[PDB]
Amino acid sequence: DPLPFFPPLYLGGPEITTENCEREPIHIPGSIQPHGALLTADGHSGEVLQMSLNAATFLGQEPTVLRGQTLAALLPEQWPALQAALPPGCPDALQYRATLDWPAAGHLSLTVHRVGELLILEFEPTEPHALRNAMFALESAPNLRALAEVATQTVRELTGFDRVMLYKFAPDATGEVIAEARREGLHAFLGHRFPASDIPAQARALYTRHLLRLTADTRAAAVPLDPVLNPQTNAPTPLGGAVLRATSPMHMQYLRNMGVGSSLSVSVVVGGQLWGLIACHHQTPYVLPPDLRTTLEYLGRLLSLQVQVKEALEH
């Protein structure tokens, strides 16, 4: 039965059990994963409102100094570019990316998107023809099976992940592993099917709009935003569009129990519906840098197109 979200934990909401799965407001956890930092800022003035508690250590500045400046002063070269790329009223799915040379922290990748009157800024550390070669190989795959196999093998070669599966949704939202590339010694998940509650309904809706999400370390504690609520609204900060957003504790226990240290997945979206997932596992924690993740994002789109094409060749 579909039911509306509970309030999050920090607003006195209940703790999540197997009973109330579909009602966890996973998009507003009030916290991020510790391998990057996040700031929120007023979309018109550029006043800095919220920051992750670890921000001082990524950005090399005291909180009170950060919060006391506008983005115009903090990001003089990027602030006008942000404002042109992310105009008021734009969708929350639109992202702008730049690379910064920050004194204390080396090269940072900056990813920005806009939710209403809020700008959300994510900072992460950042670092030949493999993509072009893959694009052509995907297109020349003769059928859906060969496409799925080429796609899994390519992603594994690009990333070094221990296990890469193509996980396809059935009409009842159960899912099945239809191809996989895996490290020697791992047991096969090929042909196994998994029940529709394994990836509940509010996560599938979110995965149709925001196409990549990850868990770099399944044992890492989440880092709170400070303050936790958006001071504009005294309400929760929407993080569904932020790759740094903390992962559901329910989902992290599910991965730990499987022996997974690091998890990543790309959505494959066909005709406006979530067709499947490029799902990756690593046994140890593992951070895939932003520019490599971009390659996977591009492959997500290519695969969406090629899945349509291969399936049309099939009636």
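Numbers follow the displayed sequence, beginning with 1.
- According to the entry, the stretch of the deposited sequence that connects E127 to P128 contains 4 to 9 residues lacking coordinates, which leaves a gap of moderate length in the model.
- Of the two segments examined, 199 to 207 and 238 to 246, it is 199 to 207 that shows the higher average Cα temperature factor in the deposited entry.
- Legend: mean Cα B-factor per stretch from the PDB entry, 291 to 299 versus 13 to 21; the higher mean is in 13 to 21.
- If you compare the C-alpha temperature factors of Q283, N54, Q69, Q253 in the entry, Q69 comes out highest.
- In this entry, the residue among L82, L110, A179, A93 with the greatest C-alpha B factor is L82.
- When the modelled residues of the chain are ordered by their C-alpha B factor, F123 lands in the lowest third.
- Compared with the other modelled residues of the chain, the Cα B-factor recorded for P76 ranks in the highest third.
- The PDB entry assigns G185 a C-alpha temperature factor belonging to the middle third of its chain's modelled residues.
- Among the modelled residues of its chain, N257 has a C-alpha B-factor that falls in the middle third, as given in the PDB entry.
- Among all modelled residues in its chain, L49 ranks in the middle third by Cα B-factor.
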